[PDB]
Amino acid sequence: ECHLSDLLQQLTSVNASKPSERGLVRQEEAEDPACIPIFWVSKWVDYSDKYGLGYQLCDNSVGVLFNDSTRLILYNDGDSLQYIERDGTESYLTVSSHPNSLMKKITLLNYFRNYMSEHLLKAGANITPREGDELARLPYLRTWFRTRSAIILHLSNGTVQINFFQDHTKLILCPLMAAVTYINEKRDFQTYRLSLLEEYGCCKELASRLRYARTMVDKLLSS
């Protein structure tokens, strides 16, 4: 919605300053560890041929985006639940309760949760997330797509994550803090304010992906 348009114009602004062509680029002066995101996808598995795409946030909370456009999130407490239908309504259940309507989707939310815990590696394991509100519900995965060069994930709180398969690098763009986190080939990370990148620019690695990440935002809003 407005968040996707907000993100898009922030990317056009940094890409129009031509940040890599600077007499002296100082991306060392755009850091903001006070802008590290609260949640981000650190595990995911795509089984869309049968059920959908299951994931895990930085908290152990597990969510699944099913093929029928419904969603099921299991909080990192192991019990609390959240079900969101295609049309948007939310419902708050538990696993201690026995909602018969979903017992075939809870089993598959469990299968995804077991697989990710069994085989896949937690991305951003060396990052301290930033503290969130006390009684804040988790965000769900609104829309995702997966190409050959990268995968794109769009949470319900605006954050857009992009993992490049070849470089292993990862971007986490937040339109609210106006920041991006770049994860290095060596799993090193940093958070840069976006308006500061206009004034000081950045290296070729970060600059290149900010240009590519714009066309991906354009493909989320073309749909």
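One rule holds for the numbers: they count along the sequence shown, beginning at 1. In this text, the rigid core denotes the largest set of C-alpha atoms whose superposition between the two forms falls within 1.5 Å.
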Outlying stretch relative to shown form, 73 to 81 versus 90 to 98 in 4 other deposited structures of this protein, C-alpha RMS (core): 90 to 98
Specify whether residue 118 falls into a modelling gap in a third or more of the other PDB entries of this protein. no
In at least a third of the other compared PDB entries, does residue 132 have no coordinates? yes
Going by the B-factors listed in the PDB entry, is the mean over the C-alpha atoms higher for 1 to 9 or for 213 to 221? 1 to 9
Should the higher mean CA B-factor in the entry be assigned to 37 to 45 or to 158 to 166? 158 to 166
Looking at 89, 82, 110, 126, which has the biggest Cα B factor in the entry? 89
For the chain shown, is the CA B-factor of residue 60 in the lowest, middle or highest third of its modelled residues? highest
For residue 146, return the chain-relative third of its C-alpha B-factor as stated in the PDB record: lowest, middle or highest. lowest
Can you tell me whether residue 196 has a C-alpha B-factor in the lowest, middle or highest third compared with the other modelled residues of the same chain? middle
What third of its chain, lowest, middle or highest, does the C-alpha temperature factor of residue 17 fall into? highest
For the chain shown, is the CA B-factor of residue 119 in the lowest, middle or highest third of its modelled residues? middle
